[PDB]
Structure formats: structure tokens, C-alpha cells
Amino acid sequence: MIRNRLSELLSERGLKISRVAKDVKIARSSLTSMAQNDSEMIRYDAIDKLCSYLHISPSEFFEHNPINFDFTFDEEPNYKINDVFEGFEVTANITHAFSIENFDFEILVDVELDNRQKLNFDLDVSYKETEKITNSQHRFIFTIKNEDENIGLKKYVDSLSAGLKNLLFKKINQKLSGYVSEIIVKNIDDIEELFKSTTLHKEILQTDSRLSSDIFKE
Amino acid sequence: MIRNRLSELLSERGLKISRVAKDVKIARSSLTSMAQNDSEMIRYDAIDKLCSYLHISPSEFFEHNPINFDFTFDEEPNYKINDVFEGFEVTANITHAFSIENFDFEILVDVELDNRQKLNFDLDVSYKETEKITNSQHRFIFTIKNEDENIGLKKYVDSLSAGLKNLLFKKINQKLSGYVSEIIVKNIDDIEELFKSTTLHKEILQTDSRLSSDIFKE
Amino acid sequence: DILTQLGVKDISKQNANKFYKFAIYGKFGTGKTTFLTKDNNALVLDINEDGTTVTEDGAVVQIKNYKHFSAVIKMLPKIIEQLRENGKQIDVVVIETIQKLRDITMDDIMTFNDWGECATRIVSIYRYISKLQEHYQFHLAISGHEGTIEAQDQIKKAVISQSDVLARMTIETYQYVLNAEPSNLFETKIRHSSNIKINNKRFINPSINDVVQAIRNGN
Amino acid sequence: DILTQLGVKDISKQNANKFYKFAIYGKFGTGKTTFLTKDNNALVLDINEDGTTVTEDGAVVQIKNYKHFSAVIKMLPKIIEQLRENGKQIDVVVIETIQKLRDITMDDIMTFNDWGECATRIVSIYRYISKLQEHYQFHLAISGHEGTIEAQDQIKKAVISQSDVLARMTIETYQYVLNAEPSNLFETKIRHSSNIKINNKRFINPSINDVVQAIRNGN
Ligand SMILES: Nc1ncnc2c1ncn2[C@@H]1O[C@H](COP(=O)(O)OP(=O)(O)OP(O)(O)=S)[C@@H](O)[C@H]1O
Ligand SMILES: Nc1ncnc2c1ncn2[C@@H]1O[C@H](COP(=O)(O)OP(=O)(O)OP(O)(O)=S)[C@@H](O)[C@H]1O
């Protein structure tokens, strides 16, 4: 686990992203992406320009923790989806377009310690309900079936610092949302609205699924 | 007779195929096939990786019994099939497509003892009825005509361990289902449904026939 | 049995409880739908329309797409059994408009080749519904708009041939009657066995039951 | 539930609180708008006209462009909620003139191809309004000018089929009465369940409520 601390440092000093980008001569879009931990690679030039600009040693810019987590999703999931019809074309409410009877699968997590020794925990996740976050948007909610057998996994998770924990939760969710969304888009055909145009597939991809479980509390 | 004991060992330890496959670096599909006794050959590498992983000696992995059974099916069977018409194309109920007036033949079984001596038993099998296991699927049922002359064969069969006996019953059924299905598909022409598409031949091949007799009780 | 091997079957047993199909073209604002759902034991597969307000009781399902239409027909066996389970009584399945079936099938296939395919879709539907009709004891009823029923002959021919009873519903205080009496101006036909005689072919305040009783028992 | 999987639903429950659509065609100065807004609980989407003077209370929105028309219909759910939040009572949404809808849609699309597209726009509007109609409990009413209602059949067919109640308003001292009694000269239709009977199909000083009560409860 490792993340850049640029977002926190800039907030304490109170400098805005726009001013920093203008001075360090780094394009705003790249600096914003790097402010989030979204980017995968960082150019050596960026590490020095920023470190000289904020009088921060390279140590401060990066937060490290020897722990390391891995997540694998089953190649073959069990999914049943029933078309609901009900004229979704008029009003864009996904529920009208399709309903999930049951979607369950397994995620295998390996918590590698600082020592070479690793621990294996197996999580089984099932569909529960489709919550409506806002009138136009919904979030599929999935709950871990077995949590009592995997209580130990929680002890390793909360040991991380808050910033790393928020990063890990984003990673587990982004993957889950991509996995479930990709499976559904294939089974259900797209429907285009009468009255720019928002096809059903585009709405399904936009939809996000967030795991609801005791292990992850934030 | 010989079968792998991987399915039983993993169950007692409770390790899933998905995890074991990730650790021993063996592809899930191969490990699942080998979990069943479907595979014909096993690679030496697989025997050692698994044996080191579950702290099991090679002895434990394989179950052996000196008995050995052989089954031969008559090249020329007596079969009469009468087309029923009745618009099978609309509803996929095999019975509408065709009816078996009478299908009878002989299966020759040789029970070779541990000693060189072998015993020969001859079984005559005839059609009885077509049971409907589920609304969309049926199982042809065949009953052995002469069982009193071949009572001794039963004494050899039940002497095997339960795991071997279940394996033998799968082997006798798989062959029977292939034999009868192949004969019928040739005599009856295929009919494609109006409303993906399921042709009659595909349905016939899917259909399974299970022998119903006192000799085999499981 | 060579008889059983072929489809030959006795008529006396077949015509005893047969569920007849009914085609009613009642023009506009007459009560042909009222007629179909008066029994309050009906499942209405309306197409791009909602006329369920007139029905006293029964079951109903909006059809918005050809794909939706295919699904309901294919799963119709499963559906009807559960309404009987819930305790709802379904004895008749009604398609509100034949002209809408022409419009939807046309969209699915989108020339005389196209028209022939449209006719092929219509003929296939009736054959499918009929085999279930004998199985699930449901009367079938289709209704259309006067413009004889308005449509292209290839469809009309198929509908009239297959339909057991074809009737025209007109309003004559005001009395509303279904007249199936033979006539050059309008075409009607009711099927009854030689012994059965219909003394009166015009029914006032008609219902599917009354027609069924007239065609099975003495008028 | 296979029943729930499909759109199948019970009728007795569907016809209990259904919000009926009302089409009222009349000659000049027959006070047709008075009838629609007499209840003083109406939202009038007038088109290139201002007849709100006859109404005493309610909300009126002028429609000047096809683009303006599309916007109000799309945001109509949000609007109804606000007027009700302000405490204004809206139970009926009225489009003043069907002929103006023909004129505006024609400008947006500007042959039989054009006419068919114009019909497609009109049919699409009703379907959209209907799904909201069940959701927001609003009666729909459209009004036009006698010239049967004047228009091209493709539109007339769609309007008459979808409309629950079609009525002609005429003045007969002089009295203002809405006559929906059946007649060859003019075409009218009121939809009521078999048990419900309309003893009198002519209403003097009519209002949308009175018609609703007549079609739900005994005349
Ligand atoms: N048997 C009847 N006796 C008296 N009035 C009837 C009768 N049947 C229908 N009506 C009248 O007609 C109304 C119902 O007309 P509908 O059944 O909708 O006509 P339809 O011709 O089936 O349908 P459209 O949509 O008008 S083509 C009732 O509410 C009555 O006003
Ligand atoms: N001899 C008859 N006397 C009186 N009515 C008759 C007689 N024959 C037929 N009908 C009437 O016609 C009905 C039967 O018509 P069908 O025999 O089906 O006509 P069809 O012309 O043979 O067949 P399609 O299908 O109509 S071309 C009877 O139920 C009566 O209503």
C-alpha cells in the first residue's frame, strides 16, 4: 500500500490546485489526477518540482505501509436476470428495464503480512436489494454471506491508517462495480429513449454497486 | 477400479477448488475435472503439488480395489420407433416428436476376480417407459429382463466401497445414454422450433437414459 | 394402435367441451370490449392502449413492444396457472387490437415479401395459442375496428377461417345488440352442430358465457 | 412470481381509482373551456391562445414553441409537485387545441411520410402523459374544434381510441348541455362498467367532477 499525500498537504497550506499548477508548470489535469490516487505512474520531475515548491522532503510526499492485499473474482458467477418491461423507454428508472432474481459469487482475498507468511480469507458475496440514492440514479447493494468465519480479515483492515483504508475501499468497490455492470450489460439488450439520448447500456455502466459488510466500515 | 479422493479430502478440510487452484498454481477447470473422476490422465506434477499442499501421502490420494468390470453392447440391437407428429414444433415435449414401440438388446459383463479366473454374466435389457423428471426434460427408463439368473453379479457389485460403486454406476449409465441416444437420432429426422433455437436432435442427445434394476441399487 | 399412431380422433368427444375462439369487430364506441370482459373472468393483453376502465373485474397486461408480446405468449402457460393460484379466475385471453399486431410485427420485420412474413407471424401465433387453448381450457378472443374487420385480406382470410364465431357489434332507450345473423352487407358466422338451432342470432347485453351456452345448448 | 414478472395486474383494483382521459369537441362559443376549468382545479397548457379569462382560478402556461411544449411535458412531474407545494390544487392537465398540436409538430418536422411522423409524435405524447397520469393522479383533457372533431383520421383514430370519454358540447332560455348520447349524426362514447347505468347522458352546466361521479357511481 502506498499513496501520494498531495491533497492533504495542499489543504493544510491552503494553496489552490490552480495556483500550484501555474507555478510548477504542471498541467492542471495531471496534477488533479495525481491529487487523487487515480494515476498509476508519477514522473521524477513532478516529485522534485512539488517537493522544492512546498519545502517538503520526499518522505512526506509518500505514505507507506508494508501490508498488501489482493482480490480475485470468480470467472464463473451464478446470475439470474428477469426483464421487467413496463415501458422503461418513457421514464429512465433502471428497475423497470430489468430485475436481478439472484447474483452470487466468491471473492478470494490474500492478506500478505510484512513477513513472507500470508493468510487466505474467502468471501462469498450475494445480491440483497437495489437502493435508490437519487431519483435518477440507483446503487446495487451486495452483502457478504459469511462474515463470522472471516472476522480476522477485519482486524488486519482497521490496522491501516485512515487515508490508506479509504484508498483500499475505493479499489474494492471500483472492481465490484465493473464486474457486476459488465455481466448485466451482456444479458440485457439496450432500450433507447423516445425523447442527449440515454440508452439502457449507458445507464447500466454509470450505475455503481457498493459492498455493504461489517468487515469494511467506511 | 481406481479413483482420485481429492473431492472428499478437500471437503473434510473445507478448502474450496477456487483457492486450492490459486495456491497450487493449477488451472481451476483442470482441478474441477480431476475433482470428479472424469479426467483420464493425471500429470505427475499435480500428484506432488497437491500431496505437499494437503500433507497427504500418495497412498491417500488414490483408492484401489483389485476388482475390474467390463461391459460390451450388442452391435445389432432390435429397435422400433414410431413418429407421433402432434406438432412437437410448438411445445418442446419429446414424447410428441417420437414414440419407442420396443427397444431391446444385450449387455455382456465380465467380472474379473483378483485371481486370473473370470466370471461371465449376460444381461438382457428392454425399454419400459419414458419418465418425465421435469416439465422440460425426460429420462428413458430401461429394465433388465433376466435378473434371477444374474443374482451372483449383484454380490460382486456391493462388495466395492461406496465411492467406487458410485463411479461404476456413472460409467454404465453414461455408455447406455450414448448408445440409445445415438440409435434414435439416426431414425428420427430433426424438427426446428418456430420461436436459442432447440432442434429435435439436440434435445434427444441431451436426454439421458438410466437403467432401473435390482443388481444396481444406487 | 394405428389409430393412436396417427392423429385420428372421435368428434363427439372433441366437440363436448371445446373452447371456441371468438372474433368481434364492433366498429367504434359499441361495447365489444365490454362484451369480452363482462364475465369479469378475463385476461386482457391490450396493445399500446388502456381500455380496462370499462371491465368490472379480471386480469390485464399492457403490451408496449413486439419483444414484450413474444415473451407474454411464450410464458402464457406459466402466467395463467398462477392467476388461478392467486385465485383470480381467467377463462378468456383477449388481444385488444389486430391492427396493432399488424403494426408491431411490421416494425419487427422492418414489400409483398414483408407482408407475407407478417401473415406468417400472425398464422404462427394462432397455432401456438390453440395447442395451449386445448391444454389450459381458455377461450381465445380477438377484437378489431370496422373499416368487415379492417385489415389486408391475407390476414382477414386467416382470421375468419380459424375463428369459430365472427360477430359484428352495433347499437340500435338505446339497445346494444350483437348481430351474427347472415347478411350480404356485413359478414357474420356462428358455428353450431346440426341438432343445435339458434332461434335468435341477435344478443342484447351479450357476454361470452351467453354465446357459449347458445352454441352448446339449445337457444 | 411469473404473474409479477409480466405486466399482468388485477382489474377490480385497477378500475377503482383510475383517472379517465376526457376529449371534448365543440363548435365556436360553446363554452367548452368553461367545462374543463369549472372545477377551478386545473392547469391549462393553452397553445398560441389565451382563454383563461373564463376560468376563475387555477394555473395557466402559454405554449409558444414546439421546443417549449417538449420542455413543459418532460418537466410536468416536477411542476405538479411545486403547484401542489404552493397549495394550488391541480387535478387535470388540459391542452387547449389539438389542431395547434398538429401545426406545431408539423413545423418541427418541416408528405405522407411527414404526416406519419406527425401521427408518431402525437401517439408518443399520449403514452408519455399516461404513465405519469397513473403516477400523479391527474385527469387528462384535450379539446378541439368541430369541422366530429376536425383533423386527419390518423390523428382522430388515435385520439378516439385512447380517449375514455368523448363528448360534444352544444347550447340548446338558452341552456349549455354536454350530450354524449349515441347518435349517427355526431359520435360520442362514455365508458362505464356493466353494473353502472347512465340514466341521463346529457349534463347541463357540466363539470369534470360530475362526469367522474356519473362514471364511477350510479347516475
Ligand atoms: N350491452 C350494452 N348495453 C348498454 N350500453 C352498452 C352496452 N355495451 C356497451 N355499452 C355502452 O358502450 C360503453 C362501452 O363501449 P366500449 O365497450 O368501450 O366500446 P367498443 O366498441 O368495445 O370500443 P371502442 O374503443 O369504442 S372501438 C358503455 O359504457 C356503454 O355506454
Ligand atoms: N343446412 C343448414 N341450415 C341452417 N344453417 C346452416 C346450415 N348449414 C350451415 N348453417 C349455418 O352455418 C354454420 C356452419 O357454417 P360452416 O359449415 O362452418 O360453413 P362453411 O362455409 O362450411 O365453412 P367456412 O369456414 O365458414 S368457409 C351453422 O352453425 C349454421 O349457423
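Rule-based calculations on the coordinates, nothing more; no lab input. A quick note on method: Cβ atoms are made from the backbone with ideal geometry, for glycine too, and the neighbour counts reach across all protein chains shown.
Quick check on the protein assembly as shown: of the DSSP beta bridges with both residues there, what percent are antiparallel, nearest 5%?
60 percent
Mind giving me the nanometre distance, one decimal, between the label points for D:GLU85 and A:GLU182, set 7 Å out from Cα along Cα→Cβ?
In this crude spin-label approximation the distance works out to 4.2 nm.
How far, in nm, would the chain grow between A:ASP124 and A:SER57 when pulled straight, counting 0.36 nm per residue and subtracting the alpha carbon separation?
Residue separation times 0.36 nm, minus the Cα-Cα distance, leaves 19.8 nm.
Taking the Cβ of each residue in A:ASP148, A:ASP214, A:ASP74 as the centre, tally the other Cβ atoms inside 10 Å and list the residues starting with the fewest.
The order, fewest Cβ neighbours first, is A:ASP148, A:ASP214, A:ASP74.
Output, in nm with one decimal and in ascending order, the distances from the D:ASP114 label point to the matching label points of the other copies (7 Å from Cα along Cα-to-Cβ).
For D:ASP114, the inter-copy label distances come out at 2.2 nm.
Does region B:179-218 classify as rounded, prolate or oblate by the C-alpha gyration tensor (a ≥ b ≥ c root eigenvalues; a/c under 1.5 gives rounded; else a/b over b/c gives prolate, otherwise oblate)?
prolate
Along Cα-to-Cβ, 7 Å out, sits the label point; list in nm, shortest first, how far the one on D:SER70 is from those in the other copies.
Those separations, rounded to one decimal, come out as 3.1 nm.
Rounded to whole Hz and in sequence order, give me ³J(HN,Hα) for region A:16-30 from the Karplus expression 6.51 cos²θ - 1.76 cosθ + 1.60, θ = phi - 60°, writing x for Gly and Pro.
8, 4, 4, 5, 4, 4, 5, 6, 5, 6, 10, 4, 3, 4, 5
Between region D:16-68 and region D:107-125, what is the C-alpha centre distance in whole Å?
Here the two parts' Cα centres lie 24 Å apart.
Pull out a ≥ b ≥ c, the square roots of the eigenvalues of the alpha-carbon gyration tensor of chain A, then state rounded if a/c is under 1.5, prolate if not and a/b is larger than b/c, and oblate in the remaining case.
oblate
Using a ≥ b ≥ c from the Cα gyration tensor of chain D (square roots of the eigenvalues), is it rounded, prolate or oblate, where a/c under 1.5 gives rounded and otherwise the larger of a/b and b/c decides, a/b for prolate?
Judged from the Cα gyration tensor, chain D comes out rounded (a/c under 1.5).
Where the centre of each part is set by its Cα atoms, how far does region A:91-119 sit from region A:152-200, in angstrom?
9 Å
Go through A:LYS186/B:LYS132; A:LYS128/A:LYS165; B:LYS132/B:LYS217 and tell me which ones have a Cα-Cα distance over 31 Å in this structure.
A:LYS186/B:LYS132
Would you tell me which residue of chain A has the beta carbon closest to the rotation axis bringing chain A onto chain B, and how many whole Å away it is?
Residue of A nearest the axis onto B, distance in Å: A:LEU194, 51.
From the backbone phi of region B:111-126, what are the Karplus-calculated ³J(HN,Hα) couplings (6.51 cos²θ - 1.76 cosθ + 1.60, θ = phi - 60°) in whole Hz, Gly and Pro given as x?
Running phi through 6.51 cos²θ - 1.76 cosθ + 1.60 with θ = phi - 60° gives 8, 7, 7, 4, 5, 4, 4, 10, 10, 10, 10, 10, 10, 10, 10, 10 Hz.
Using the basic label-point model (7 angstrom from Cα toward the beta carbon), what is the A:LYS171 to D:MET106 distance in nanometres?
6.6 nm
Return, ordered by residue number, the residues of region C:142-163 whose backbone nitrogen is under 13 Å from a label point located 7 Å along Cα→Cβ of D:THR148.
In region C:142-163, the label zone of D:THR148 (backbone N under 13 Å from the point 7 Å along Cα→Cβ) covers C:146-147.
Give, as ranges by residue number, the residues of region A:93-124 whose backbone N falls under 15 Å from the point 7 Å along Cα→Cβ of A:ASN146.
In region A:93-124, the label zone of A:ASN146 (backbone N under 15 Å from the point 7 Å along Cα→Cβ) covers A:105-110, A:120-124.
Measuring from the axis that superposes chain D on chain C, report the chain D residue with the minimal C-beta distance, rounded to whole Å.
Whole-Å result, nearest residue of chain D to the axis: D:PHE112, 29.
Enumerate the residues in region A:186-207 having an amide nitrogen under 13 Å from the point lying 7 Å beyond the Cα of D:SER124 toward its Cβ.
Once the point is set 7 Å along Cα→Cβ of D:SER124, A:192-195, A:197-198 turn out to lie under 13 Å by backbone N, inside region A:186-207.
Quick one: of the DSSP bridges fully inside region A:122-213, what percent are antiparallel, nearest 5?
Antiparallel bridges: around 55 percent, rounded to the nearest 5.
Strictly over 26 Å apart at the Cα level, which of D:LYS100/D:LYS201; C:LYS64/D:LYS18; A:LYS155/A:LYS175 would you flag in this model?
Pairs exceeding the cut-off: D:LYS100/D:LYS201.
What FRET efficiency would be calculated for the residue pair A:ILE133, B:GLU75, taking the C-beta separation as r and a Förster radius of 56 Å, to the nearest 0.05?
0.25
For every other residue with a beta carbon closer than 12 angstrom to the beta carbon of A:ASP189, add +1 if it is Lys or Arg and -1 if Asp or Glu, then tell me the sum.
Overall, the nearby charge balance is -1.
Ordered by residue, what ³J(HN,Hα) values in Hz, to whole numbers, does region B:3-11 give under the Karplus form 6.51 cos²θ - 1.76 cosθ + 1.60, where θ = phi - 60° and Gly and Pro are x?
Karplus values, whole Hz, x for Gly and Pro: 9, 6, 10, 4, 4, 6, 4, 4, 5.
In nm, one decimal, shortest first: how far is the label point of C:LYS197 (7 Å from Cα along Cα to beta carbon) from the matching points in the other copies?
So the label point of C:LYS197 gives 3.3 nm to the other copies.
Simple spin-label model, 7 Å along Cα-to-Cβ: C:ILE196 to D:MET75 in nm?
Each label point lies 7 Å from its Cα, and together they span 6.2 nm.
Out of the DSSP beta bridges found with both residues in chain D, what percent are antiparallel (nearest 5)?
30 percent
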